[PDB]
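Below is one structure; the comments refer to it alone.
Number of protein chains: 2
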Amino acid sequence: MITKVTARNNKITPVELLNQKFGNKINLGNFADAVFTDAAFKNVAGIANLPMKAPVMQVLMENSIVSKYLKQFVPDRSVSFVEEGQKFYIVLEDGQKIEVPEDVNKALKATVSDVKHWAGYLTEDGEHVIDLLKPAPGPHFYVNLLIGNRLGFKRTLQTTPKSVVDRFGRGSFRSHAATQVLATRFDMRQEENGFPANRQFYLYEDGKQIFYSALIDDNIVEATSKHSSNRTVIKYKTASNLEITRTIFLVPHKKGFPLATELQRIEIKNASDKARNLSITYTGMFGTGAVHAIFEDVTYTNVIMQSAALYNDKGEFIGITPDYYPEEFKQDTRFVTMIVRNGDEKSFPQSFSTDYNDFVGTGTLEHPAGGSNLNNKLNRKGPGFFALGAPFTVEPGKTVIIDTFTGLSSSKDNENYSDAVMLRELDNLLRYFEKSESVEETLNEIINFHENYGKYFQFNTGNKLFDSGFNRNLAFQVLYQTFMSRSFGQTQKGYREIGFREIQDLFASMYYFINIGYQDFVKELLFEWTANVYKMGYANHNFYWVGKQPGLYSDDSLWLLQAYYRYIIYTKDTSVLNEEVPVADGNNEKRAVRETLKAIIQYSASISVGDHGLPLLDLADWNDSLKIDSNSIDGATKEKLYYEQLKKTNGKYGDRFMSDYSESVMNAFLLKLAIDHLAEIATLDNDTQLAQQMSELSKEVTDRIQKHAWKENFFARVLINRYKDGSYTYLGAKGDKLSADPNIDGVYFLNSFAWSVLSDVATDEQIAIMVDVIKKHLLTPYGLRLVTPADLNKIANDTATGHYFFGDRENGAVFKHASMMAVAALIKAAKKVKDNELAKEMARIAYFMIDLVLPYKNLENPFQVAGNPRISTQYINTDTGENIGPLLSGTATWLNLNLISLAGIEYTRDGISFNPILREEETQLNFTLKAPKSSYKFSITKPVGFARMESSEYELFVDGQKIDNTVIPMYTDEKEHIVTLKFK
Amino acid sequence: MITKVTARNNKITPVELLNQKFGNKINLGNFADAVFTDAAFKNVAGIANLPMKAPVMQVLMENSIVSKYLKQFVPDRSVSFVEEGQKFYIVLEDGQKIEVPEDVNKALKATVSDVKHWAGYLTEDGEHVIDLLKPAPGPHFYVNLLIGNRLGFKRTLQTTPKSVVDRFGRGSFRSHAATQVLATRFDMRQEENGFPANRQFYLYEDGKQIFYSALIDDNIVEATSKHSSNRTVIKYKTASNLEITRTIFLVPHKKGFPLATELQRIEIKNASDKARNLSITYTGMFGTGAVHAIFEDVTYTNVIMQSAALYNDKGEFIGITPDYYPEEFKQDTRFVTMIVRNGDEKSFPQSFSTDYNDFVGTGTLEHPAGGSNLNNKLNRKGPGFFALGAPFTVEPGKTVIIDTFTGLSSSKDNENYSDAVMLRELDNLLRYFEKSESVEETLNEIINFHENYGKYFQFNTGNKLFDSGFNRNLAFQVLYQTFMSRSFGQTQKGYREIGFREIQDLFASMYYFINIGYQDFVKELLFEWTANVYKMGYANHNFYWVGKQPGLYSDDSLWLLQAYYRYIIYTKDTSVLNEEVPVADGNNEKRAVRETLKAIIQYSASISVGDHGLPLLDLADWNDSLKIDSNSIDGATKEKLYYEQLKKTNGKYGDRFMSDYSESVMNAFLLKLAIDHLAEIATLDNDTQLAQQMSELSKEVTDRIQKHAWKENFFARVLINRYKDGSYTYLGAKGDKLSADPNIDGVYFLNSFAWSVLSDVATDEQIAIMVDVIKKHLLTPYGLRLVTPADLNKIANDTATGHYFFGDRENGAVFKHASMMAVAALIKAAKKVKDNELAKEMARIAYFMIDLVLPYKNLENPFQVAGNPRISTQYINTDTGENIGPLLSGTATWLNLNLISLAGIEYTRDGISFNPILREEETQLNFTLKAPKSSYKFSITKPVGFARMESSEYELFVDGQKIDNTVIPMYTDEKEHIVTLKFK
Ligand SMILES: [Cl-]
Ligand SMILES: [Cl-]
Ligand SMILES: [Cl-]
Ligand SMILES: [Cl-]
């Protein structure tokens, strides 16, 4: 009877149909756009020969002239617009070509004139200039991320403030953890991160609204947004020649300031020849302290608070704070204030409202009925809506500046906390920003800070989109992730703690922090992670103020050896091994770092191992889908069972924990690398016993991996020990019996390849075999997928039943973080494998994948690939090519490592092992590199084609002297050194 | 330095300041309104002599003419408007009285003209007629609640659909449990129950928007809403003489229909002299199946679904369904369809959109840029936004009808479930509603169903607001709560299961259901609760599909004896005692109801008792604040410990469980009543052994309560057993040492009084003493508070510190459910106490409290008392008098019981024990009463003053015969009997 047609099962698209109906009576070009004319999909209206994919028909339908014109043909007849000469015609299925009227011709010409820039463009400094009327490619594309600065102050990760701002300034603003200053919204749309009033304001004249910052109407003649490094600037021009500018940024911390302050400066220039008597109404919504009650008890969120007014020492109203009854919601105190600067005069708000219903009245948020006559009523309840009002006359050619300060003080940074602390810190803040120029000086301080931070590594290639993308945008994102991990963004809105394994972010950022004088901050972070390791060697899976989930995931601790290795090899600072750091078990116990590193290795190499001597998988490892063992145990449980086992069987600590649990081959590689790292650290520390022990153990673990985990054509991913009849014994290579694709024998995991190489286990021949498998079965037109299709229900039960349509997340996506770990392996191998043709191929795959993740390239075909042109996104949908959020991701961290590796930089025992791998079409590469006590300018030349030091002829010079040693010294002479490499 | 002034600490209000500057220069009347002119509160603008409190200055400020005029004086000068003759003047502090201009005079006259009806009015049938422009007293005031009908079908409480509708049709619509059909909103405002698009639509003419159902602009000349029993009707008239009517109701279930369907009929009449070519765009937002991911992973909610189109057998598009990938979200299937009826023609939508971004475009939801040219694009992602479009020409004087059907099919009502089941059920639904008249016939069926249901008891007094409020509105609410408990409303939006103790709702509703032929449904509910009792006698605290929380709260099982007693005494059906019902412990074990009732009593009278032989409190009882014992145990834990104790101490089952846990005196009263009830049931069942055992146990328990819980001037609330030195031994009477009010010796709990009387434990002298304490310390100007101030930290560290400002919830509110249980006690005692002056006083308190809870009285001073004039609300704030939500409450259930009790009806062994208690000022009371096999007309007359059968002279007649027996038979002769009572 009734039938159902899904979006995916719909037989044909509008553009396919347009081509069928017109493709051989007009030239449709390389791109076109079309819409079905009715809900049964039999006819289309389209337009030919666009420069890229873009929703042109949608914009044309918003135009009353074109819309009316089309209704003489649609819906019963299909039509296509076509431009010949500089005239537009409409075409019918029967062949009639009708020259469109003059007014339709103009509208069509204006609409197509700049399609190539509809998603905006990048400045030479990598800032995104966005048109406030144009459609968005996707919900992350027009988003900026802002951060404070708590360097030099306590608990930087846990206390730095953070904000998200879209092109209209929508979004939210948080202090520590998920403490909301301006309210988050948890609703149906990814596009809605915050309550809609946040950061927005209205202008009035003669009691009538003339402007709302989140509404572009016919009275707005220009409106653009510019996302830059740690600030957003939004500009509008009215038909009445008012020029409005909004600048939004977070205040860097200073002693005595509130823990979080977001500053929004509003400049209003009267570019007309007549004075105007205006007023502003500045609005927003404070976040609730009772976040869970938004779901459970909205009335509770209202009754537990009231609004309160703030007054300076002269008795003048300055703004609003939401006042809470319960003690648990009094440990933070929010505020909003405003100063109006009008010539000589400084003034504060003259009126306010604090009840959304009274403010909107019979109107809407875009056109509030009470917006021009604020009622000065302090609301007895929440929610903490606010509106602050002030009048000002602005003379011809003059500007009025309104500075707004929104924020929160907290017990997290103050003993003996009460709202009296907020009032003192707010006074400190307002005194600091009393002089108009202080706001611009602080903004310039922010700009200069991030510019200085980025100087660790700077590309100079003349592709300015690439150079700015790396030198500014990626450098900022890696700083952002060091402080914020994966805890905040446009669509990351729930409370998330710091995952132990996300020490990875420091792998890339540590060099940046060390080269602006913050080596001690890097050490602090290393020690903070180290305090989340237990005596036995497992780790809290997550931490924030304290740690939780002891040993729940099997990979976690192993990542810490990579962090220590990177730090110690770069700085030669072995003193960190002797730091006495709290053990995660508590009871006031401390242990030297060195002994904790040994314990990490002993847990995964000796105690928590399976029948083949490889680390147990436990609940899961890096891959949360590998819920292979349904009766897994965490580390606290394992520890108790382990001591009971040693007593029952007369064992000694360090003996294996006995079980039929499955083994993680990826953990085996992380462990082998960790052991190598500790061996090299011990050698640098002149600790001969530990170096010998670790070198021997590395050899042993390598032997176990080769004997038990190489399976025909790949390193397996999991070894399975509970089927003694042999029905299943491994997952992750040919013959595993677990493929869900009839055309593939085996399941193949990208990380088995990547980590076999990064750990220096895979032989050259094993690499060649695995790369062939990757080319055939893991490399898609959108990049390297994480794994091939598997049927894990044959061995396990519940991370089962699929949740995604093909292309999304676990159903076949390109996970860009994993893709970048594979690229790290491809680069490392391309530098050293003997076979130059294997090296060439691996480098081609590396650059292919980097090209699919570089954010600036999202502006090449933005309405297909979406993403965000200044900030990474997490995955590529393999059905559509769309880059899909969230923003913060291991992608950015490993992309940074990978581009520096391709430029040739690896830090080793004796200095910089220099071995660059350029693109085949590049003939030059130039960059600068900072070190703590020296600097370098690197220049690389080569012919077109693949070239690498392993197989190509070259000449290397340092400071004008031809040298044969490709390990460049780490200089300490406070000079700039010139490195020149010329391939023959 | 900076100072802070809270809403509550603000020294003086605007009206206080208006009175101070003008109160002896003009007569400000009984009511006035005022606003501060600026943020420092030094001056005011106000208006004199209003008929009630109302936000008049707010409405005046929305008026351009009045707002401009007031700027000649404000903010520097205070002003008051005043009306002399029928002309308006403005007064200044210096005495100047200024006749205001004529345009200002007109605006002022118009604004004040109908203030007394700004919150709407009630029709004679109790329906709330609401103006769509006027402000709301509070967020529950303009709300209606809708319900389906699953009587005659399986799992009624778990499967009946339900909806919330405000005056604009905003809100949400659910199937089983918290399954969302139309999306709920969990955001900052109590006013926002649903996604804003839900139920709303636009009209277009010549490509231009002319109407949006949720926007009243200058082109709307009339706009009202009428909330009635189980439907809402919203009417608009445009300046162009279009008349638009929306009717919203839930479809009663029929075999073959979807489990949930909400029908919205839209009627568009062209009351002009020229035909109009119009189109409609009908919108909404489907609820997500992944509710938790709205908070945790919004991107997930989008990617797991796509939109799909629906087509009838002729290939015509009919609507949209959101299609889900994961199996767990495929067990319900949602739909929306639409039919346009235009003269002879029936048509279906010609276009649709399913992407919110494409629909709104550069516009707003109120003015969407894509609303008149839907794109016919099926969205590959969620959220499930929908817009259905259709054109129609409407001739002069003619009407077009658009019927919309929104709903969900479910596996909860169908084996072998898939979306094919939805398509079949939708076809059945649309075939049923093919003929235009079927919609009106179903609506009339609903109206007639609720009118017939209410006939069990009908008041006929000189007050139609009271009569309709009881006979229609309260009767509906009690039905609603029988099906929905406390699980849904404007602000009740989380998932809530059925609380065991909320069997209370059936105490009132069972008589209504029995008198429309649904006695078997009442039995089924009794058996359903009985299956949530464990063998030992404790109960699951909550249940829905299955039960949970075994014995967590100590009072739960005892309420079931009141339900069985009411049922058995009314019907004489003792057969239910022999029903074999599953025990909550499972393992396919069943037990006869009789033995389960005995076990309930044994648990609280013998096993789970403390040192005084009274029931243990456990975690808490009816009162969730009595977390006195921090090491409490649930029933499963207690049962395991109990069997171990019987073995260690050589005991027998039925012996006391030994502990120092605290005892609940309220539970002792519930238990004593339960025992009396089982004794009487056993006597009716001719079970002499059980009757004698229960009568003896009642005597024993009464003696325990009198000996151990009467403490000088009150029955205590908790006995404390863990302080062997006597430091504390009770809570709830003089001398308990636990008061937090220096002026009160002791803590007093309203329920100690109420349940001591309802259980027939309190002596007349005890009642007199407790009523005195109540008058002095529990009776406020807003009614009976639940408890006096207590400092429980002295016995239970681990506490709270309070969470509310004074007046709200636990900090001193009038909890209206508890107030009604106390009124039930006051009525019971007033009928029987020997002292007529005590009876008179208690009846006065009873009617005082009833007057404060009757919903229709919320329209007397609505901007102060708020609430909802058709539906109860939960509490009264004792600082302001505001009635605060939520809507569903034990208030309605016990109000219904109390008003019937006051009218004189109590069912006893031999019939109807008739003993009415009228108001002193009443001289007559007439009502009708239905019984299963007879009916009654009751008439009572008396002179002014207090009269009751216990102490006043009267004559009682039945069918014309004077009688002395005040127990009227329950007749079975299918005749109407006339009962006449005349007090002398
Ligand atoms: Cl994000
Ligand atoms: Cl993996
Ligand atoms: Cl509610
Ligand atoms: Cl109580």
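Chains as they are written, first to last, in this note's numbering: chain C, 6 to 989; chain X, 6 to 989. Note that CB positions come from ideal geometry on N, CA and C, so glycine has one too.
Next item on the list: Please determine, among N421(C), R346(C), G459(C) and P373(C), the residue with the shortest C-alpha to C-alpha distance to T404(C).
Entry: Stepping through the first sequence from its first residue, residue 404(C) is reached at position 399. It is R346(C) whose Cα lies nearest to the Cα of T404(C).
Item checked: Contact with chain X by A45(C), beta-carbon distance below 7 angstroms -> The sequence position of residue 45(C) within the first sequence is 40, counting from 1. At a cut-off of 7 angstroms between beta-carbon atoms, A45(C) makes contact with chain X.
Notebook entry, point to check: Helix, strand or coil: how does DSSP classify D432(X) here?
Noted result: As a first step, residue 432(X) is located in the second sequence; it is residue number 427 there, counting from the start. Note: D432(X) maps to helix in three-state DSSP.
Check: Apart from the five residues just before and just after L383(X), which ones in its own chain have a Cβ nearer than 8 angstroms to its Cβ?
Finding: In the second sequence, the residue the question calls residue 383(X) occupies position 378. So the list reads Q311, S312, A313, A314 and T359, once near-sequence residues are dropped.
Notebook entry, point to check: So, is the C-beta of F853(C) closer than 7 angstroms to a C-beta in chain X?
Noted result: Mapped onto the first sequence, residue 853(C) falls at position 848. It does not: the Cβ of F853(C) has no partner Cβ on chain X nearer than 7 angstroms.
Item checked: Exercise answer, beta-carbon shell around ligand 4 heavy atoms below 5 angstroms -> That query returns the following residues: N628(X), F754(X) and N756(X).
Notebook entry, point to check: Is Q185(C) buried or exposed, if buried means 16 or more other CB atoms sit within 10 Å of its CB?
Noted result: Residue mapping note: residue 185(C) aligns to position 180 of the first sequence, counting from 1. With 16 or more other Cβ atoms within 10 Å, it is buried.
Notebook entry, point to check: What residues of chain X sit near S177(C), judged by a beta carbon separation below 9 angstroms?
Noted result: As a working note, residue 177(C) is residue 172 in the first sequence. Residues of chain X passing the Cβ test: none, with the nearest at roughly 12 angstroms.
Notebook entry, point to check: Which runs of the beta strand (DSSP E), 3 residues or longer, sit entirely within the segment 789-824 of chain C?
Noted result: Within the segment 789-824 of chain C, no beta strand (DSSP E) run of at least 3 residues lies entirely inside it.
Check: Would you call the CB atoms of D741(C) and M671(C) closer than 7 angstroms?
Finding: Mapped onto the first sequence, residue 741(C) falls at position 736. Mapped onto the first sequence, residue 671(C) falls at position 666. Against a cut-off of 7 angstroms, the Cβ pair of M671(C) and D741(C) comes out as no contact.
Next item on the list: Give the interface partners of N15(X) over in chain C, defined as CB-CB distance under 7 angstroms, in chain order.
Entry: For the purposes of this step, residue 15(X) is taken as residue 10 along the second sequence, with counting starting at 1. Within 7 angstroms Cβ-Cβ: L383.
Notebook entry, point to check: Quick one, which residues of the segment 568-601 of chain X are near chain C if we go by CB-CB under 9 angstroms, in chain order?
Noted result: Of all residues in the segment 568-601 of chain X, none has a C-beta nearer than 9 angstroms to a C-beta of chain C.
Item checked: Environment of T8(C) [buried if 16+ CB atoms lie within 10 Å] -> Along the first sequence, one-based indexing puts residue 8(C) at 3. Classification of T8(C): exposed, given that the 10 Å Cβ count is below 16.
Check: Name the chain X residues whose beta carbon is nearer than 7 angstroms to that of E301(C)?
Finding: The residue you call residue 301(C) lines up with position 296 of the first sequence. Chain X residues near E301(C): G499.
Item checked: Buried versus exposed, by CB contacts within 10 Å (16 or more), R436(X) -> Numbered from its first residue, the second sequence carries residue 436(X) at position 431. The residue in question, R436(X), is exposed, as its Cβ has fewer than 16 Cβ neighbours within 10 Å.
Notebook entry, point to check: Which residue's Cα is closest to the Cα of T898(C): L413(C), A50(C), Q486(C) and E227(C)?
Noted result: Here residue 898(C) refers to the residue found at position 893 when the first sequence is read from its first residue. Residue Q486(C) is the option with its Cα nearest to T898(C).
Next item on the list: Rounded to whole angstroms, what's the CA-CA distance from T293(X) to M343(X)? Just pull it up for me.
Entry: Along the second sequence, read from residue 1 onward, the residue named residue 293(X) stands at position 288. Along the second sequence, read from residue 1 onward, the residue named residue 343(X) stands at position 338. Distance between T293(X) and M343(X), taken at the CA atoms: about 21 angstroms.
Note to self: Below 7 angstroms on C-beta distance, what does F322(C) contact in chain X?
What the structure shows: Counted from its first residue, the first sequence places residue 322(C) at position 317. Result: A44 and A45.
Checklist line | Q195(X): contacting residues in chain C (beta-carbon distance under 8 angstroms) | finding: As a first step, residue 195(X) is located in the second sequence; it is residue number 190 there, counting from the start. Neighbours of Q195(X) on chain C, chain order: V303, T304 and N307.
Note to self: Whole angstroms are fine: how far does the CA of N15(C) sit from the CA of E815(X)?
What the structure shows: Position 810 of the second sequence, counted from the start, is the residue given in the question as residue 815(X). Position 10 of the first sequence, counted from the start, is the residue given in the question as residue 15(C). Approximately 57 angstroms, taken between the alpha carbons.
Next item on the list: Name, going along the chain, the residues of the segment 325-358 of chain C whose beta-carbon falls closer than 7 angstroms to a beta-carbon of chain X.
Entry: Within the segment 325-358 of chain C, the residues whose Cβ lies closer than 7 angstroms to some Cβ of chain X are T326, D328, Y330, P331, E332, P354, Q355, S356 and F357, listed in chain order.
Notebook entry, point to check: From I749(C), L23(C) and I225(C), pick the residue whose C-alpha is nearest to that of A795(C); which is it?
Noted result: Position 790 of the first sequence, counted from the first residue, corresponds to residue 795(C). Ranking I749(C), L23(C) and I225(C) by CA distance to the CA of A795(C) puts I749(C) first.
Next item on the list: Output the residue ranges of the beta strand (DSSP E) runs that lie fully inside the segment 281-338 of chain X and measure 3 residues or longer, sorted by chain position.
Entry: Fully enclosed beta strand (DSSP E) runs of 3 or longer: 281-290, 310-316 and 322-329.
Checklist line | In chain order, each beta strand (DSSP E) run of at least 3 residues that lies wholly inside the segment 99-176 of chain C | finding: Counting whole runs of 3 or more residues, the segment 99-176 of chain C contains the beta strand (DSSP E) stretches 102-104, 133-136, 148-152 and 167-171.
Margin query: Quick check: is any heavy atom of ligand 3 less than 6 angstroms from the C-beta of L151(X)?
Written below: The residue given as residue 151(X) occupies position 146 in the second sequence. Not one heavy atom of ligand 3 lies closer than 6 angstroms to the C-beta of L151(X).
Next item on the list: Report the neighbours of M66(X) on chain C: residues whose CB is nearer than 8 angstroms to its CB, in chain order.
Entry: Here the question's residue 66(X) lines up with position 61 in the second sequence. Within chain C, the residues near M66(X) are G375, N378 and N380.
Margin query: Could you check whether the segment 544-557 of chain X touches the segment 509-522 of chain X, counting it as contact only if at least three pairs of C-beta atoms, one from each stretch, sit closer than 8 angstroms?
Written below: Segments in contact, no.
Notebook entry, point to check: Measuring CA to CA, which of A141(X), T411(X) and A513(X) is closest to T896(X)?
Noted result: Counting from 1 along the second sequence, the entry for residue 896(X) is found at position 891. The shortest C-alpha separation from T896(X) is found at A513(X).
Next item on the list: Would you check if the distance between the CB atom of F322(X) and the CB atom of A45(C) is smaller than 7 angstroms?
Entry: As a working note, residue 322(X) is residue 317 in the second sequence. As a working note, residue 45(C) is residue 40 in the first sequence. Taking 7 angstroms as the Cβ cut-off, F322(X) and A45(C) qualify as a contacting pair.
Check: Is the beta carbon of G499(C) within less than 6 angstroms of some heavy atom of ligand 1?
Finding: Looking up residue 499(C) in the first sequence gives position 494. Because no heavy atom of ligand 1 lies under 6 angstroms away, the Cβ of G499(C) does not count as near it: no.
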